[PDB]
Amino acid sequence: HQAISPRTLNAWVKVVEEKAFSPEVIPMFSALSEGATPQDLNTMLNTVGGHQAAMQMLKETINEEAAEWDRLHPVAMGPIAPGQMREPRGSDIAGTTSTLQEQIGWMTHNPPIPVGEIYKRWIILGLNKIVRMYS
């Protein structure tokens, strides 16, 4: 495990500066986030300065998706079996109430809960919302 690189981040900043919120940001965002943890995803999003209204549209979609997740994945009765992890909640998938080895476990278990891929899908839906508004 290595957190997302400065060079990857530089390229994502370059994408976001020029291409508006044009459709083309979506495929770039997907290429640059391959194998990201939720922390990585937040780190890419954090780099975006300004575009505050757009950023808020994305957050609203994330918030909506996290609550849907929670509804479709109720928490099992605990206590958690030793050698195991709590199933993730929406907030954990979005990285706000989870930590990194917390995120990596899920992504490695048998079978895995790919918390990065799930949060990526949410982000993608929020970017589509942004693109339909502005372009």
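The first residue of the sequence shown is number 1, and the count goes up from there.
Compare the mean C-alpha B-factor of 43-51 with that of 82-90 as given in the PDB entry, and name the stretch with the higher value. Mean CA B-factor is higher for 82-90.
Please compare 10-18 with 117-125 and name the stretch with the higher mean C-alpha B-factor in the deposited structure. The stretch with the larger average C-alpha B-factor is 10-18.
Taking the Cα B-factors listed in the entry, which of 100, 57, 28, 66 comes out highest? Highest CA B-factor of the listed options: 100.
Relative to the other modelled residues of the same chain, rank the CA B-factor of residue 72 and answer lowest, middle or highest third. Ranked within chain, residue 72 CA B lands in the middle tercile.
Would you check the entry's CA temperature factor for residue 108 and let me know if it's in the chain's lowest, middle or highest third? CA B-factor rank for residue 108: highest third.
Going by the entry, which third of its chain does the Cα temperature factor of residue 61 land in? Its C-alpha B-factor, which the entry lists for residue 61, ranks in the lowest third among residues of this chain.
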